[PDB]
Participant: 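Take this structure, written in structure tokens, and hold onto it; I'll ask about it next.
Just so we're on the same page: letters track the sequence lines, and every chain starts at 1.
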4 protein chains.
Amino acid sequence: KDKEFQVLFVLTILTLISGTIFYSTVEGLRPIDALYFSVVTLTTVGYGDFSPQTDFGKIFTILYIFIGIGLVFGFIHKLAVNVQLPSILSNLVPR
Amino acid sequence: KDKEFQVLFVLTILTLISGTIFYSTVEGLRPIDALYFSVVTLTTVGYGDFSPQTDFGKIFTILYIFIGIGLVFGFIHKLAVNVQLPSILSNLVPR
Amino acid sequence: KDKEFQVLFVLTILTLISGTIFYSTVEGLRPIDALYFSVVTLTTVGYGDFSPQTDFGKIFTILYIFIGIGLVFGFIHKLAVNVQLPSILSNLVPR
Amino acid sequence: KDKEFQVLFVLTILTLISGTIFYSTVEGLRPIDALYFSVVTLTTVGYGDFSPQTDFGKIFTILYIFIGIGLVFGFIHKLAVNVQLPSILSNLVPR
Ligand SMILES: [Tl+]
Ligand SMILES: [Tl+]
Ligand SMILES: [Tl+]
Ligand SMILES: [Tl+]
């Protein structure tokens with residue numbers, strides 16, 4: 001459960017690293033903005049304060065969403081049910 | 001079921017209070033706009049009428065989404081299946 | 001299954017009617033824009049071409065999302081698994 | 001499992017082709033922008049860099065979201081659990 005979470009954590013980080021490199025390079029964003037935009041994209045928030053301006057960027061974003069959404073939300077789910085929930089229950093009973 | 005819903009309700013409120021304080025303070029939003037933005041972020045609507053302008057804000061928003069989405073949608077689900085649904089079924093049969 | 005879908009269909013329509021009336025009135029949108037915005041909000045797309053400008057509107061939108069998301073996506077799911085899927089399978093076998 | 005994925009893949013492509021044609025034609029987008037916008041809409045990212053300006057476009061987008069979200073996310077799920085996951089597990093054991 002903990003190994004599941006480790007793996008999804010690593011996969012998420014690698015996905016976000018890929019987006020940070022791509023958007024910093026092709027769309028010219030500061031690395032911090034590239035990471036932020038990658039996260040806002042794959043969690044489907046999509047503020048649109050950054051959005052790809054190049055056709056290269058738009059095509060990559062299509063593929064990045066389709067490949068990355070499933071991973072991000074798998075990690076969010078496991079983080080919910082395997083880390084946050086136990087800590088919440090545990091806080092419910094003094095020791 | 002009702003205690004489950006109570007807990008998720010409290011956790012959601014606390015999460016939204018955290019975002020309201022942070023965005024009011026660091027991003028200078030009116031408290032009402034900070035709450036509204038927090039909700040629009042964690043439900044993944046993301047209009048982008050407010051979005052963080054500071055690097056502090058962008059980093060916090062990354063973490064806030066990852067930690068908060070799972071909680072908000074747990075609460076929405078329980079609110080759907082444990083409160084709204086019974087009332088809907090109950091309205092279906094006169095008394 | 002068909003009655004389930006009927007009910008969720010009616011509930012969705014009523015929810016969207018509520019948003020259309022509210023946003024047309026309080027935020028001054030054309031009714032068509034109010035419906036469009038209501039749909040874009042509750043499906044969490046959130047383009048932000050329309051977003052509430054009044055505090056009344058922002059508070060209503062907070063509550064509307066929390067109460068309406070669960071309903072809309074229940075309807076989308078049932079529409080997926082109970083209407084679209086059978087028609088797709090049925091198209092797979094000539095008659 | 002592979003046939004399931006094939007079918008959802010074809011259905012997704014057809015849905016995106018429909019949106020590309022419609023938005024290129026009625027909203028005057030370049031085909032590439034129409035595809036990009038279709039994807040950003042049905043995955044619920046919704047940057048809003050493109051959004052429909054015509055009433056025809058707004059009405060179509062309402063219907064497109066309701067009919068298309070369920071399909072897209074079915075495909076993303078199957079792509080997650082039926083293609084990405086096995087490859088990830090398989091990379092975990094040298095051969
Ligand atoms: Tl958005
Ligand atoms: Tl937006
Ligand atoms: Tl979303
Ligand atoms: Tl969104």
Participant: Dump the intermediate steps for side-chain contact (heavy atoms from CB on, under 4.5 Å) on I59(C) and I32(B), then the final yes or no.
Facilitator: CA-CA 8 Å; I59(C) 294 157; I32(B) 185 59; 3.9 Å; yes

Participant: Can you find a pair of side-chain heavy atoms, one from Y36(B) and one from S51(C), that are under 4.5 Å apart?
Facilitator: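 SC-SC contact between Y36(B) and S51(C) confirmed.
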
Participant: What part of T61(C) lies closer than 4.5 angstrom to a heavy atom of chain B: side chain, backbone, both or neither?
Facilitator: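 Side chain only.
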
Participant: Hey, could you give me the NZ/CZ distance between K58(C) and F50(B), rounded to the nearest 0.5 Å?
Facilitator: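 Answer for the NZ-CZ pair, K58(C) versus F50(B), is 4.0 Å.
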
Participant: Among the options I69(C), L42(C), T43(C), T41(C), pick out the one with the most heavy-atom pairs lying under 4.5 Å from chain B.
Facilitator: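 Looking at each of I69(C), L42(C), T43(C), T41(C) in turn, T41(C) comes out on top.
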
Participant: Please look at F37(C) and chain B and tell me whether the side chain, the backbone, both or neither of the residue comes under 4.5 angstrom of a heavy atom of that chain.
Facilitator: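 Side chain of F37(C) only, per the 4.5 Å heavy-atom cut-off to chain B.
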
Participant: Is it the side chain or the backbone of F66(C) that comes within 4.5 Å of chain B heavy atoms, both, or neither?
Facilitator: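 It is both, since atoms from each part get that close.
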
Participant: Can you tell me which portion of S38(B) sits under 4.5 Å from chain C's heavy atoms? Options are side chain, backbone, both or neither.
Facilitator: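 For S38(B), there is no contact with chain C at all, as no heavy atom is under 4.5 Å.
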
Participant: Between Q84(B) (side chain only) and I67(C) (backbone N and O only), is there a donor and an acceptor less than 3.5 Å apart?
Facilitator: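 Yes, the answer is positive, given that a donor and an acceptor are paired below the 3.5 Å cut-off.
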
Participant: Using the rule given for side-chain contact (heavy atoms from CB on, under 4.5 Å), can you reason through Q53(C) versus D49(B), listing the C-alpha separation, both sets of side-chain angles and the distance that settles it, and then say yes or no?
Facilitator: CA-CA 9 Å; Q53(C) 313 195 263; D49(B) 44 348; over 6 Å; no

Participant: If you measure from CD1 on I88(B) to CG on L71(C), what distance do you get to the nearest 0.5 Å?
Facilitator: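 Result: 6.0 Å between the selected atoms.
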
Participant: Considering non-hydrogen atoms only, spot the tightest contact between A80(B) and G70(C) and give its length.
Facilitator: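 Heavy atoms of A80(B) and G70(C) come nearest at CB-CA, 4.4 Å.
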
